[PDB]
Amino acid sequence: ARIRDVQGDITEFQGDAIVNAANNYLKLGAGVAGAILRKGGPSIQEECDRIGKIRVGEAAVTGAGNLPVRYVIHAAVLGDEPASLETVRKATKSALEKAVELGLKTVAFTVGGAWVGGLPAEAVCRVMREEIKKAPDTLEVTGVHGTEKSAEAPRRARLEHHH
């Protein structure tokens, strides 16, 4: 799947889905996860409660409340172990599955927040981008970086090489 790479804020993104890293509990922490709860509204957190706990690796789909999207896809990445590379691979793959299930065209990923904790940051961006590129091209993934320099780095490591 083709991958756009911009500096922005996920809660401004216009499209079909935003994909955020949460825990398996689905209880919106701090940072961007909090920025989502706040601008999306209480509705989002209520849907996460009704869903209840899922397993690390899996992903859960709730509505978007006051956010300019339809859905938020909660990719459960940390829980007990918690943030492994394989864990992140499962969570991106499950998130994309869920986008393909729902007939989506444009989805947005948050980039290197709770997705990256404890882990090497280039290494994670790479497993995610490896997972996304396997997805159906019917999808159109935007990676939404916080800082402008982190938004330039993938634009750069794709003019590279390659085993």
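Numbering starts at 1 and follows the sequence shown.
Mean C-alpha B-factor is higher over 119-127 than over the other stretch, the pair under comparison being 36-44 and 119-127. Here the stretch with the larger average CA B-factor, out of 18-26 and 150-158, is 150-158.
Of the candidates 98, 50, 133, 70, it is 133 whose Cα B-factor is highest according to the PDB record. Across 102, 61, 54, 114, the greatest Cα temperature factor reported in the deposited entry is at 114. Placement of the Cα temperature factor of residue 78 within the chain: middle third of the modelled residues, per the deposited record. When the modelled residues of the chain are ordered by C-alpha B-factor, residue 138 sits in the highest third.
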